[PDB]
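In what follows, a single structure is set out as structure tokens and then discussed.
What follows is calculated from the coordinates using simple rules that are stated; it is not laboratory data. Here the Cβ is made from the backbone with ideal geometry for all residues, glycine too, and neighbour counts use every protein chain on show.
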Amino acid sequence: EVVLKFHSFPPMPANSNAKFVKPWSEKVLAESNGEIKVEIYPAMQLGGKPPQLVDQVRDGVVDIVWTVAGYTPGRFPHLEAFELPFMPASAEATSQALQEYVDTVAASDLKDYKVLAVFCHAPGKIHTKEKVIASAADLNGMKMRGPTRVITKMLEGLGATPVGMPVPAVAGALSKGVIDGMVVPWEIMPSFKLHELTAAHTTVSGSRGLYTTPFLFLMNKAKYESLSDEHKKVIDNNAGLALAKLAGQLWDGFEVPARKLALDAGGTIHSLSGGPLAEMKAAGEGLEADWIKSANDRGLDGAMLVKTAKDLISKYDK
Ligand SMILES: O=C(O)Cc1cccc(O)c1
């Protein structure tokens, strides 16, 4: 028998716990004949703040985490390419691209970990208390939260006043008036009542959404290596590209009931197209160039990685 401590930051009802890690842990339990017992500790119930999850799992404080790579800026630099404006397709396609990326050119970012899967959410949307965002001009004077440095840089480039924080902090920041809105996918909003604190929502039309941010589903490497071969087989049956694809599918589905809750809460939904959308995509091109420059300075082939991300997403967007 083997107990594995799972740690993450969203509360237990959030989809990442209730509809991803919980059923994952049930599959692992059953397929190991009852021997691998994953204990789920949501809401940072084992101590620390969300950026510390990667340290905890790297160093063996806990055995498994689910987290957002960019909550620790610069720590997973290859994955930043997938955060660039108008990079993502569905979460299903983009998650498969992310996992193949990590399996190949981006492997050094995660060499200190056992990768269960790297995946992402459906492209995020723009949420504000009251102001409809119909063009970049509407972001002027709006204090807008993003989840990572790359996404706050996007918000800067679109004309907003950028603020960063992990998602559990967003509701309190809205309540106190220190932000006017945020970017998130739909699916995370009900877990923090974010759809009751914002009434205006903007999405984008076409084949690529505004942005996504990579999630990390990681196991302590030493702990994985210490497992018996039969236990490793169970974990690996529940890992890799097939898991990244499954996670992406699930995250695409998670948007649907959450969007409905936002509409039932009185929200507007505006879809950018035409000129207003093209203006944002043009700003996105400049932000790609900014990122390539930052990647080059850090010893990465920024241009190669951006093209790789695009080509992998195209590969799986079928
Ligand atoms: O902080 C974020 O915006 C990223 C995030 C965090 C948790 C669930 C999500 O869908 C997305």
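Skipping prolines and chain starts, which residues have an amide H placed within reach, meaning under 5 Å, of the one on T148, given they are 5 or more residues away or on another chain?
Sorted by chain and number, the residues that satisfy this come to none at all.
For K27, go through the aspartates and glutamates and keep the ones whose alpha-carbon is under 14 Å away, minus same-chain ones fewer than eight residues off.
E35, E39, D236
For segment 1-56, calculate the relative contact order in percent as a whole number, restricting contacts to Cα pairs under 8 Å that are 6 or more residues apart.
51 percent
Rounded to the nearest 500 deg cm²/dmol, what is the calculated helix-only ellipticity per residue at 222 nm for the chain, with -39500 (n - 2.57) per DSSP H run of length n ≥ 4?
It comes out at -12500 deg cm²/dmol, rounded to the nearest 500.
Nearest 5 percent is fine: what portion of the DSSP beta bridges confined to the chain is antiparallel?
Here the antiparallel bridges make up roughly 50 percent for the chain.
Can you tell me the orientation of helix 22-31 relative to the chain, as the angle in degrees between its alpha-carbon axis and the longest Cα principal axis, to the nearest 10?
20 degrees
Would you grab the residues whose amide H sits under 5 Å from the one on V68? Only those 5+ places off in sequence or on another chain, please, with H modelled 1.01 Å from N.
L216
Once phi is turned into ³J(HN,Hα) by the Karplus curve 6.51 cos²θ - 1.76 cosθ + 1.60 with θ = phi - 60°, what whole-Hz value does each residue of segment 60-67 show in order, with x for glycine and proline?
Using θ = phi - 60°, the values come out as x, 4, 10, 9, 9, 9, 10, 7 Hz.
Per 5 Å bin from zero, what fraction in whole % of the C-alpha pairs of segment 1-104 is there, up to the bin with the longest pair?
That works out to 2, 11, 18, 19, 21, 18, 8, 2, 1, 0, in percent per bin.
With a 10 Å cut-off between alpha carbons and a GNM built on the chain, which of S135, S228, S294 moves the most?
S228
Give the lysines reachable from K260 as a straight Cα distance under 27 Å; neighbours fewer than 8 places away on the same chain don't count.
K260 reaches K19, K22, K125, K129, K131, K143, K176, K193, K245, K318.
How big is D, in µm² s⁻¹, for the chain by Stokes-Einstein at 20 °C and 1.002 mPa s if Rh is the Kirkwood radius over C-alpha pairs?
Translational D for this selection: 108 µm²/s.
Roughly how many Å is it from the Cα centre of segment 173-200 to that of segment 12-60, as a whole number?
Using only Cα atoms, the two centres lie 25 Å from each other.
For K293, list the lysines whose Cα falls under 25 Å from its own Cα; do not include residues on the same chain fewer than 8 positions away.
Candidates past the 8-residue exclusion: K111, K153, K281, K307, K310.
Along Cα→Cβ, 7 Å out, is where each label goes; now give me the distance between the ones at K37 and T161 in nm to one decimal.
Rounded to a tenth, the inter-label distance reads 5.2 nm.
Compute the FRET efficiency between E130 and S228 as 1/(1 + (r/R0)^6), taking r as their Cβ-Cβ distance and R0 = 35 Å, and round to the nearest 0.05.
Efficiency, rounded to the nearest 0.05: 0.05.
Specify the angular offset, from 0 to 90 degrees and rounded to the nearest 10, of the alpha carbon long axis of helix 274-297 from the longest principal axis of the alpha carbons in the chain.
Helix 274-297 and the main axis of the chain meet at about 50 degrees.
Quick query: amide H of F86 versus all other amide H atoms, modeled in the peptide plane; which residues come in under 5 Å with a sequence gap of 5 or more or a different chain?
HN-HN under 5 Å from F86: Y211.
Per-residue HN-Hα couplings for segment 298-305, Karplus 6.51 cos²θ - 1.76 cosθ + 1.60 at θ = phi - 60°, whole Hz, x for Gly and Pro?
9, x, 10, 8, x, 4, 4, 5
Express the relative contact order of the chain as a whole percentage, based on alpha carbon pairs under 8 Å and six or more residues apart in sequence.
Reported relative contact order: 27 percent.
What order, most packed first, do the peptides 136-146, 204-214 have when packing is the mean number of other Cβ atoms within 10 Å of each residue?
Result, highest mean Cβ count within 10 Å first: 204-214, 136-146.
Order 271-279, 183-191, 22-30 from most to least packed using the mean count of other Cβ atoms within 10 Å.
The most tightly packed comes first, giving 183-191, 22-30, 271-279.
Working from Cα positions, state the angle (0 to 90°, nearest 10) between the long axis of helix 91-103 and the longest principal axis of the chain.
Helix 91-103 sits roughly 60 degrees off the main axis of the chain.
What list of ³J(HN,Hα) values in whole Hz, one per residue of segment 112-120 in order, does the Karplus curve 6.51 cos²θ - 1.76 cosθ + 1.60 (θ = phi - 60°) give from phi, with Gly and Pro shown as x?
Working through the residues one at a time gives 7, 10, 8, 7, 8, 6, 10, 7, 7 Hz.
Kindly list the residues of segment 228-252 that lie in the label zone of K27, defined by a backbone N under 19 Å from the point 7 Å along the Cα-to-C-beta vector.
Residues passing the 19 Å test: 230-252.
Give me the dipole magnitude in Debye, nearest 20, for the chain about the Cα centre, with unit charges on the beta carbon: positive for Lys and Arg, negative for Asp and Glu.
So the magnitude is around 480 debye.
Given the alpha-carbon gyration tensor of segment 20-161, what are the semi-axes of its equivalent ellipsoid in whole angstrom, ordered largest first, with each equal to the square root of 5 times an eigenvalue?
The equivalent ellipsoid of segment 20-161 has semi-axes of 32, 18, 16 Å.
Restricting to Cα atoms and excluding each atom paired with itself, what does the Kirkwood estimate give for segment 1-52 in Å?
Hydrodynamic radius (Kirkwood, Cα only) of segment 1-52 equals 11.4 Å.
Multiplying the sequence separation of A265 and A282 by 0.36 nm and subtracting their Cα-Cα distance, what value in nm do you get?
Separation in residues times 0.36 nm, less the Cα-Cα distance, equals 2.8 nm.
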